[PDB]
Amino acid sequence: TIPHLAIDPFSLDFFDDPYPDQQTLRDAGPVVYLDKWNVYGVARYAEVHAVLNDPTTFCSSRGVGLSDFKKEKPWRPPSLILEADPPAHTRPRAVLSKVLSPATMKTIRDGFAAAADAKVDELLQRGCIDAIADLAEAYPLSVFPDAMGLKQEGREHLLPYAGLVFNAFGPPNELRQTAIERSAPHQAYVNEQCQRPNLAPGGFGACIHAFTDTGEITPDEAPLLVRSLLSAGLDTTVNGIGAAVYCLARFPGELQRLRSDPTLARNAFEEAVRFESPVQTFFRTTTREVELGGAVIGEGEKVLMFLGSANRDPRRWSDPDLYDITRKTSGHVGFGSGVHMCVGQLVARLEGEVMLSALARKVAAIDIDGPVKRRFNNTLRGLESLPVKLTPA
């Protein structure tokens, strides 16, 4: 009764244009079976939202990738928060919440916004730039590693390590095999910076290590919690900011509405997160036999959630293929939903807002003037190169 589909959502053809296949996944039924990897799939908004908010049945401690930790060894020690279930997930999550707290954003917002204005001012002096390397990558690299309290040496390992982690969530294809095949130097750097003496005072890293005496985490848990921020804190904001610029480059009408009201910068970034969904997919594992969308799913089965497809489901969104900076984006699953919803979404929204704010006040037009190249990742959707000409306001 469950439709079987041969679509490979982790193929280069799928990444190149996933929207026709995503509607096919949605319309085939509420629950599908992907014969390519022997997993269940949910593509409509309702089932994606239901699975995310049922952590007891659709657990994360057996891996949020394709690999089942009950069957295969994890390529790295499991994350204490992303790949953990309640109650073991509760207190590590609370520490990262207080480290990336609303009170923390007040201390870094001015420096984050000043670096965004300075970056746009610098890019306008060049004219024709690469919105990926010179903006989507250059800006987060100019604020986040310093906010983490990282030293200067070795920062070129951060993005390769992140692309490795998100490629590792995928199936054992060549993208995943090649990533782990080039991995030992990157984890050696990242794991070393997770140690307390290597994190500058005042940064997120030192703040995590200071939370070890409250009884919420132990000193031996702090390095892996810092590893979470070094795994997910940079590459997500790169593809999130690269998505917003790509949207404003393809939709000049929305760029003109943003210029007229720069206070829309926060929602313009949030709508970009829904439109592109830089975090495309995540898995869950059934801890029991469960009925979902008229389909019964056995225990220990992998269920693939299409977050990007749920953000474009016409059963939930009106004109889902339209970029609307004034759309009420509340409910989108670009940051997840439930107990695992993005704990660093305040940092991500701060970086996105101040960057779109700088563009809104300083840029009059963003025109693509070069060949667009896509970056292929088993989890992340984003561009490799985006040549644009920036016209000063």
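Between two forms, the rigid core is defined as the largest C-alpha subset superposing within 1.5 Å. For every residue, the number given is its place in the sequence shown, counted from 1.
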Return whichever of 195 to 203 or 211 to 219 has the larger RMS Cα deviation from the displayed form in 6 other deposited structures of this protein, where every structure is aligned on the rigid core. 211 to 219
127 to 135 set against 288 to 296, stretch whose average Cα temperature factor tops the other in the entry: 288 to 296
Which is higher in the entry, the mean Cα B factor of 272 to 280 or that of 179 to 187? 179 to 187
Highest Cα B-factor in the PDB entry belongs to which of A232, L100, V238, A310? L100
Lowest, middle or highest third - CA B-factor, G370: highest
Assert third(CA B-factor, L52) within chain per record equals middle
Cα B factor band for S67 (lowest, middle or highest third within the chain): lowest
Third of the chain's Cα B-factor distribution that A348 belongs to, per the entry: lowest
Entry-reported Cα temperature factor of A168, expressed as the chain third it lands in: lowest
